[PDB]
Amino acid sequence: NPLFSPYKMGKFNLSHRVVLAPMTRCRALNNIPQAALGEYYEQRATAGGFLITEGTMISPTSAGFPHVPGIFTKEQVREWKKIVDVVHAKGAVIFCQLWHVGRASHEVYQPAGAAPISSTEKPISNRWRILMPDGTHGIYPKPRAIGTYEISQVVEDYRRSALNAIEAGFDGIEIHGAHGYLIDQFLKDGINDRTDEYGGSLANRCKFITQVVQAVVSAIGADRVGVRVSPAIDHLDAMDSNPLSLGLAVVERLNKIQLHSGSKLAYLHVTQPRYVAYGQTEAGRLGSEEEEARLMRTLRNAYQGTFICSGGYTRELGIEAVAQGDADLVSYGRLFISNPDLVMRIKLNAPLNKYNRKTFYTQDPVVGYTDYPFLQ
């Protein structure tokens, strides 16, 4: 099983290639990591396995979900330390994902009910909904477009949060630059309508992610920084006119940061669009994933370092990805929600528990969070 051949990610000797994808679960009540998160990550940790946390706030303006953890206060750092310690005691490696949602927020999540910040004043359209604190769905509002100085302050929020993660004992951080959140609002030409030095050309659109990555690399070292992007996913109205060109331009910049810094990043992590093959249509099961596969393989080929693929992977697709050389590591989201022992189940080719979307984002510390059963 190629998913269980060891992989050397920088200094880390991983025993297998099954990664816990970062997943927002909303159990970090009032943005404080809770004991429940310790139980959850400990259930899923394995010796030599790599875990990535849920998206974690870098500042008071960075959230667009309820009860997501922060790492911008010392109180948050102290609670994160307890979670990191129980994961390390199982021999796992864990990175903290640093997440700013940008325009994907709501007055209810902002200090003093201020407008969310973005590259643009354009709102996400009513194709999309936000989860409100009472469990209902709300409408994204108009964001405020930030200028150059405020951009530098957001970059410093990333830097300070990266330092805090290291203080908490994390092995590194992952920059959430995907899925139409703040960084992707600068990258995507369907969102970034700026005319200043952060808008227009590919170079300009890539400036913000380059500045964020450079700031955290200069603070904690390139080896402790992973980067996540999704050029071909248009979640939250995040389309680009040319996704492969945008992805290659980002890869370009990461390779250049690595040459200048003299060190490789921990990894590039890319989520791919994944089209469900509807079984009830005439041709839904005749589909081909070749074009999207070629896009992913071209990003991997272009990037000088470790590549993590994500988005709809199964045991079989993960095995194929590693066997074909298409990725070094494979991250799993939904199946890891419902299978605390996903690594072992994939090793044994055991049945996998179904997942219940209804409890993905509820607040109970057990129900739908830590009560999915282990192999019996």
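Numbers follow the displayed sequence, beginning with 1.
Higher average CA B factor: 145-153, of the stretches 145-153 and 298-306.
For the pair 251-259 and 281-289, the record assigns the higher mean C-alpha temperature factor to 281-289. In this entry, the residue among 172, 243, 91, 177 with the greatest C-alpha B factor is 91. In this entry, the residue among 200, 226, 133, 102 with the greatest C-alpha B factor is 200. Per-chain ranking of the deposited C-alpha B factor places residue 275 in the highest third. Among all modelled residues in its chain, residue 43 ranks in the middle third by Cα B-factor. In this PDB entry, the Cα temperature factor of residue 67 sits in the bottom third of its chain's modelled residues, the lowest group.
The PDB entry assigns residue 114 a C-alpha temperature factor belonging to the highest third of its chain's modelled residues. Ranked against the other modelled residues of its chain, the C-alpha B-factor of residue 16 as given in the entry falls in the middle third.
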